[PDB]
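Below is one structure, written out as C-alpha cells, with a few remarks after it.
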Amino acid sequence: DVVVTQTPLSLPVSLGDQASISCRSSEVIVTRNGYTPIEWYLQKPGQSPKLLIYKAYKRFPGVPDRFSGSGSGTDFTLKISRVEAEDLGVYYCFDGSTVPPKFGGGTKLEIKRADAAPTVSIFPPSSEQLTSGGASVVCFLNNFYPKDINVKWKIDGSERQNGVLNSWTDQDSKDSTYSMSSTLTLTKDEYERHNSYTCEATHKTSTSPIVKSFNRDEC
Amino acid sequence: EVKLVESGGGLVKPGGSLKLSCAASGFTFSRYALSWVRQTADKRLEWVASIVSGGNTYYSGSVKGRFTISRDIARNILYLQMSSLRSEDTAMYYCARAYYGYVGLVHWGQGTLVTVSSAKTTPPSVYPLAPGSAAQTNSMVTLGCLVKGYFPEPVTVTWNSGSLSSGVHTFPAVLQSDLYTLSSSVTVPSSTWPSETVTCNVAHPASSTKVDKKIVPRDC
C-alpha cells in the first residue's frame, strides 16, 4: 500500500516570492523515461479541485507557466516561480502508480500581508432569543493578520473558559486578512445572574489587549 | 465544452443506501475513464472509484463491496450506488473525467453532499445581532445574524439579497450536540443603517427554508 505525506500543512509566502510544496510517497516510483503518474491539483476557495500538473511535469492547458513540477524516486515537489494572489488555495499531490491512487494531505498556501489588528464588536442576546429561553453572547474579531489570536471571556470579572466556541473564516479574497467569531452560549436564567460581559482579545500586533464589553443594565 | 453535474446527495441513516448520478455533456462519453472522488470536513480528498472505457472498474479498499460504480453509455450518465453506509462516508462527492486515457482528473463537477447520520432534519433559528447602542460616532457599524440549531449542512447567508457584498464575513458552522450553528457579520457605514434596511437572508435547502431577518436597532 502507498501513503503520500505532503508538507507543509500550511505554507505562508509573500507575493512575488517562490513557493515549494513537497510530497513523499512511501514507495519509490520507477521511470526516468517511461511516464510518471504524479499529479498536482489546486482547489480555490469555494471551488472544485482542478488539475495543474500531470505526468509529474506537464502543465494542463490554462495553468500559468509560473507553476512547475519536478521529482524523482519518492520525492516530488510543485513549484511557483513567483506567487500571485491568484494562487491562494489548497494544493494536493496525487500518486497514481497503484490502485487505489492516493492524494497527499494537502497544503494550504497562505498569502503573507502586513500585520493588522482585529476590529472587535460584542453583541448581547437578541430579545427574540431570550423569549425562546436561550442566551448567546456573540463576539466578532474581524480583518486581522496573522491568523493566531487570543480570546478570553470574562463575566463580572471572572474568566469564562467553557461554553465558548470558535470559528474562523479562510483568508480573505480581497485583503488577505482573517476573521473570527466567538460565541458564548447560556440559558436565560444563567445569563441573567450576571450583568457584566467581556470579550478580551490579545493579538501579536499589540501587547495591550482589546477589550469590548457590555452590561445588561443598558440597551 | 465538457460538463459534469452530480446529483442524488442527501441525508441517509447508517446502514442505508443512496445512488448518486453524474450527468455528462460536451464529449464522447464512452471514450473516457470516469471517477468519483470525495472530500471530507478535514478538507481531505479521497479517491473512491473509477470505470474505464473498456468496462473494468476499480475501488478503494474502504469502499469496495459497498459502493458500486457504473455507467450507461446510452444516456451519458455515471452512477455510484452506495450501500451499507457508514458515518465516515459523509462527505462531498464529485465525479471527474480522465484528461485522456486514464491520465488526470478534469472538469470536476460541483459535487453532491452526502450526510450519513441518525439525526433528523431540523430548520435553523435566525436571530439578529445589533449594536448595544453605544453612540458610535464611528464611521462604520457592524451587524450580524446568528443562525442556530439546524441539521444537516449546509446553510447560505446573504445580505439585502446580495446587494451587500463588501464587509461580509460568514463563518463556518460548528457542530454542537448534533446541531449546527454559525454566524455572519456585515459592516456598513453608519450613514447606511438604520436609515436604510439591512436584512440577512438565510437559506436551508434541506428543510426548504428561506428566511429573512431585518436588523433593527435596540431602542434605548
Side-chain angles (χ1 to χ4, degrees), chain A residues 1-2 4 35-43 47-56 58 60 90-106, chain B residues 1-9 18-40 43-73 75-83 88-114:
Chain A
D1 77 316
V2 62
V4 179
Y35 173 92
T36 308
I38 289 294
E39 282 150 38
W40 289 90
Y41 292 84
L42 164 57
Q43 173 177 40
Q47 233 62 175
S48 302
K50 290 185 184 175
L51 224 203
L52 288 168
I53 296 173
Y54 62 97
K55 271 182 168 178
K58 291 186 174 180
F60 185 59
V90 183
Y91 294 77
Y92 307 81
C93 66
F94 171 91
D95 186 341
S97 64
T98 66
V99 188
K102 290 278 198 310
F103 278 109
Chain B
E1 190 193 312
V2 175
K3 192 68 175 180
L4 292 181
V5 182
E6 302 88 355
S7 67
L18 184 67
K19 178 174 190 180
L20 306 185
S21 292
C22 173
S25 65
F27 67 102
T28 305
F29 195 71
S30 61
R31 278 167 49 185
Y32 301 95
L34 296 160
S35 307
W36 286 98
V37 179
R38 60 186 186 186
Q39 177 167 59
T40 49
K43 291 187 187 180
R44 256 181 160 285
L45 292 173
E46 169 171 52
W47 182 87
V48 147
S50 68
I51 183 168
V52 293
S53 67
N56 282 3
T57 59
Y58 303 90
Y59 300 88
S60 65
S62 50
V63 126
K64 197 171 297 186
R66 301 192 299 116
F67 290 15
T68 299
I69 189 180
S70 67
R71 67 179 173 172
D72 182 349
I73 301 185
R75 323 306 179 69
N76 291 196
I77 307 294
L78 168 75
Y79 301 102
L80 182 65
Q81 253 292 180
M82 309 183 284
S83 72
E88 30 292 302
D89 293 310
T90 293
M92 177 67 83
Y93 288 71
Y94 303 86
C95 52
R97 189 202 87 181
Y99 177 23
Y100 68 81
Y102 191 24
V103 177
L105 296 170
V106 301
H107 293 284
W108 294 46
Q110 298 305 313
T112 190
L113 184 64
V114 177

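To find a chain, count down the sequence lines: A is the first, B the second, and so on, and within it residues start at 1.
Every side-chain contact (heavy atoms from CB on, under 4.5 Å) that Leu42(A) has, sequence neighbours left out, goes to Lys44(A), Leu52(A), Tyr91(A). Partners of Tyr94(B) according to the ring pair (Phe, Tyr, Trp, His ring centres under 6.0 Å) rule, which considers only residues two or more places apart in sequence or in another chain, are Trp108(B). For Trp47(B), there are no ring pair (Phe, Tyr, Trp, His ring centres under 6.0 Å) partners two or more places apart in sequence or in a different chain. Residues forming a side chain to side chain donor-acceptor pair (under 3.5 Å) with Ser97(A) (at least two apart in sequence, or on another chain): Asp95(A). Applying the side chain to side chain donor-acceptor pair (under 3.5 Å) rule to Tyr93(B) yields the partners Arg38(B); only residues at least two apart in sequence or on another chain are considered. Scored by the side chain to side chain donor-acceptor pair (under 3.5 Å) test, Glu6(B) finds no partners at all (sequence neighbours excluded). Every ring pair (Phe, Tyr, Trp, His ring centres under 6.0 Å) that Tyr54(A) has, sequence neighbours left out, goes to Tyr99(B). For the salt bridge (charged side-chain N to carboxylate O under 4.0 Å, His left out) test, residues two or more places apart in sequence or in another chain that qualify with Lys43(B) are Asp170(A). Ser50(B) meets the side chain to side chain donor-acceptor pair (under 3.5 Å) test with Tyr102(B); sequence neighbours excluded.
Side-chain atoms of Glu39(A) and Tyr41(A) include a donor-acceptor pair closer than 3.5 Å.
Counting only heavy atoms from C-beta outward, the side chains of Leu51(A) and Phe94(A) never approach each other to under 4.5 Å. Within the 4.5 Å cutoff, no side-chain heavy atoms of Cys22(B) are placed close to those of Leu34(B). Residues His107(B) and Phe27(B) have side chains not in contact (no heavy-atom distance under 4.5 Å, counting atoms from C-beta outward). By the 4.5 Å heavy-atom criterion applied to side chains, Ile53(A) and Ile38(A) are not counted as neighbours.
Screening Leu78(B), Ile69(B), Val114(B) for a side chain to side chain contact (heavy atoms under 4.5 Å, CB included) with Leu20(B), the sole residue that qualifies is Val114(B).
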Identify all side-chain donor-acceptor contacts of residues 60-67 of chain B below 3.5 Å with residues at least two apart in sequence or on another chain.
residue: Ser60(B); atom: OG; partner: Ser62(B); partner atom: OG; Å: 3.4
residue: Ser62(B); atom: OG; partner: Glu46(B); partner atom: OE2; Å: 3.3
residue: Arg66(B); atom: NH1; partner: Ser84(B); partner atom: O; Å: 3.0
residue: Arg66(B); atom: NH1; partner: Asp89(B); partner atom: OD2; Å: 2.9
residue: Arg66(B); atom: NH2; partner: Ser62(B); partner atom: O; Å: 2.9
residue: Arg66(B); atom: NH2; partner: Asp89(B); partner atom: OD1; Å: 2.9
residue: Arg66(B); atom: NH2; partner: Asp89(B); partner atom: OD2; Å: 3.3

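Identified under the side-chain hydrogen bond (donor to acceptor under 3.5 Å, both in side chains) test for residues 22-32 of chain B, with sequence neighbours left out: none. Note on residues 91-108 of chain B: no pairs pass salt bridge (charged side-chain N to carboxylate O under 4.0 Å, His left out), not counting sequence neighbours.
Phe103(A) approaches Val4(A) most closely through the heavy-atom pair O-CB, 4.1 Å.
Figure legend: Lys50(A) and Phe60(A) shown without cation-pi pairing, the cationic atom not lying both under 6.0 angstrom from the six-membered ring centre and within 45 degrees of its axis.
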